[PDB]
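Read through the structure below, which is laid out as structure tokens, and then see the notes.
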Amino acid sequence: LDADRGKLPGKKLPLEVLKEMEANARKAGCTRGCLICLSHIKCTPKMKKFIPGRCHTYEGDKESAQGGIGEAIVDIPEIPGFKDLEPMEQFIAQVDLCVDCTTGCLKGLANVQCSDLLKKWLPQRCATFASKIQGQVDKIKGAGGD
């Protein structure tokens, strides 16, 4: 009946699969055009909250290569007031610069379609073995915010 209602929190995919597709992108050999799709993307404190899974961009230094230059750039001149829009939108906006996105790079994104990791998360339509995560019995079941 919930399906009919249309309300079903948890639609967003888990951070576990997020790493899988991002990892494949690196394997693909994306060009500088899309390397910014991940290298230049820096998640804000709100970005993480709405998009769990942290970021693997890294400042590229143990402490800081050079503070004056400014590690990781989020402010894109193309984006008009990215701060005005929500962080989720902000993410797309930063990578939006990849207009030269190579097909090979794109292939990596679709490469996780039959990945062993994505396989357990995605039943049939590939493995055809009708398999899925066994699930966990250790659930926090916390009250959460109010």
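Identifiers in the structure tokens: chain A, B, ... in order shown; residue index from 1 per chain; ligand index from 1 in order shown.
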(request) Excluding residue 27 in chain A and any residue of its chain fewer than 3 positions from it, enumerate the residues within 12 Å of it, using only C-alpha atoms, and give them as a VMD selection string. (result) chain A and resid 20 to 24 30 to 31 35 104 to 109 111 to 112
Pull N, CA and C atoms from the residues just selected and write them as a tab-separated table (two decimals), in the first residue's frame.
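Generated file (part_13.tsv):
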```
chain	number	residue	atom	x	y	z
A	20	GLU	N	31.66	2.02	-5.65
A	20	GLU	CA	31.86	1.09	-6.76
A	20	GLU	C	31.85	1.78	-8.12
A	21	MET	N	30.90	2.68	-8.34
A	21	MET	CA	30.83	3.37	-9.63
A	21	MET	C	31.94	4.42	-9.74
A	22	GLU	N	32.23	5.09	-8.63
A	22	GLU	CA	33.29	6.10	-8.64
A	22	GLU	C	34.63	5.42	-8.91
A	23	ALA	N	34.81	4.25	-8.31
A	23	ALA	CA	36.04	3.49	-8.48
A	23	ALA	C	36.23	3.09	-9.94
A	24	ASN	N	35.13	2.67	-10.57
A	24	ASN	CA	35.17	2.27	-11.96
A	24	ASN	C	35.54	3.44	-12.86
A	30	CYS	N	39.03	8.37	-17.25
A	30	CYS	CA	38.36	9.60	-17.63
A	30	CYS	C	39.38	10.70	-17.95
A	31	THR	N	39.06	11.51	-18.95
A	31	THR	CA	39.95	12.59	-19.36
A	31	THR	C	39.79	13.79	-18.42
A	35	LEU	N	37.62	14.40	-15.18
A	35	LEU	CA	38.39	14.16	-13.96
A	35	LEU	C	37.90	15.14	-12.91
A	104	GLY	N	34.15	6.69	-22.92
A	104	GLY	CA	34.84	5.66	-22.17
A	104	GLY	C	34.66	5.90	-20.67
A	105	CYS	N	34.74	7.16	-20.27
A	105	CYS	CA	34.54	7.52	-18.88
A	105	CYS	C	33.13	7.13	-18.46
A	106	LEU	N	32.18	7.45	-19.33
A	106	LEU	CA	30.77	7.14	-19.11
A	106	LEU	C	30.57	5.63	-18.97
A	107	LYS	N	31.32	4.86	-19.76
A	107	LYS	CA	31.22	3.41	-19.74
A	107	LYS	C	31.51	2.88	-18.34
A	108	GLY	N	32.48	3.47	-17.66
A	108	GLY	CA	32.82	3.03	-16.31
A	108	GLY	C	31.61	3.16	-15.39
A	109	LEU	N	30.85	4.23	-15.57
A	109	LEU	CA	29.66	4.45	-14.76
A	109	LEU	C	28.67	3.30	-14.95
A	111	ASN	N	29.57	0.44	-16.02
A	111	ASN	CA	30.32	-0.80	-15.85
A	111	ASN	C	29.92	-1.54	-14.57
A	112	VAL	N	29.45	-0.79	-13.57
A	112	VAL	CA	29.06	-1.40	-12.31
A	112	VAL	C	27.67	-2.03	-12.39
```
All residues 10 Å or closer to residue 94 in chain A, only C-alpha atoms, same chain fewer than 4 positions away omitted, as a PDB file with C-alpha atoms, in the first residue's frame:
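Dumped to out-v6.pdb:
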```pdb
ATOM      1  CA  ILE A  36      36.887  17.307 -12.468  1.00  0.00           C
ATOM      2  CA  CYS A  37      33.648  15.304 -12.113  1.00  0.00           C
ATOM      3  CA  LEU A  38      35.240  13.863  -8.970  1.00  0.00           C
ATOM      4  CA  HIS A  40      36.952  19.135  -8.261  1.00  0.00           C
ATOM      5  CA  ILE A  41      33.829  18.009  -6.412  1.00  0.00           C
ATOM      6  CA  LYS A  42      34.007  18.837  -2.714  1.00  0.00           C
ATOM      7  CA  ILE A  73      37.348  24.608  -5.595  1.00  0.00           C
ATOM      8  CA  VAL A  74      33.572  24.595  -5.186  1.00  0.00           C
ATOM      9  CA  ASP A  75      32.859  28.098  -6.414  1.00  0.00           C
ATOM     10  CA  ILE A  76      32.163  27.754 -10.130  1.00  0.00           C
ATOM     11  CA  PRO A  77      31.717  31.035 -12.106  1.00  0.00           C
ATOM     12  CA  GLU A  78      29.317  29.218 -14.408  1.00  0.00           C
ATOM     13  CA  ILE A  79      26.979  28.488 -11.507  1.00  0.00           C
ATOM     14  CA  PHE A  82      25.474  27.807  -6.048  1.00  0.00           C
ATOM     15  CA  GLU A  89      22.123  20.424  -6.839  1.00  0.00           C
ATOM     16  CA  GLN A  90      25.441  22.029  -6.029  1.00  0.00           C
ATOM     17  CA  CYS A  98      32.471  18.243 -17.790  1.00  0.00           C
TER      18      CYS A  98
END
```
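In this comparison, which uses only C-alpha atoms, the residue of A:28, A:12, A:140, A:67 approaching residue 88 in chain A most closely is A:12.
Near residue 49 in chain A, within 12 Å and counting only C-alpha atoms, sit residues 15, 43, 55, 86, 87 and 88 of chain A; same-chain residues fewer than 6 positions away were not included.
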(request) Can you work out which one of A:131, A:14, A:19, A:33 has the shortest atom-to-atom distance to residue 119 in chain A, counting only C-alpha atoms? (result) A:131
(request) Measure the distance from CA of residue 135 in chain A to CA of residue 18 in chain A in Å and round it to one decimal. (result) 18.7 Å
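Note that CA of residue 5 in chain A and CA of residue 126 in chain A are 29.7 Å apart.
Our summary of the geometry notes that CA of residue 120 in chain A is positioned 5.7 Å from CA of residue 133 in chain A.
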(message) According to DSSP computed on the backbone, where in range 58-115 of chain A is there helix (DSSP H, G or I)? Give the residues as a count of residues only.
(response) 18
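Nearest residue to residue 103 in chain A among A:116, A:34, A:26, A:4 is A:34, counting only C-alpha atoms.
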(request) Show which residues sit within 10 Å of range 121-124 of chain A, as a PyMOL selection string. Count only C-alpha atoms, and ignore same-chain residues fewer than 4 positions away. (result) chain A and resi 13-14+16-17+113-117+128-133
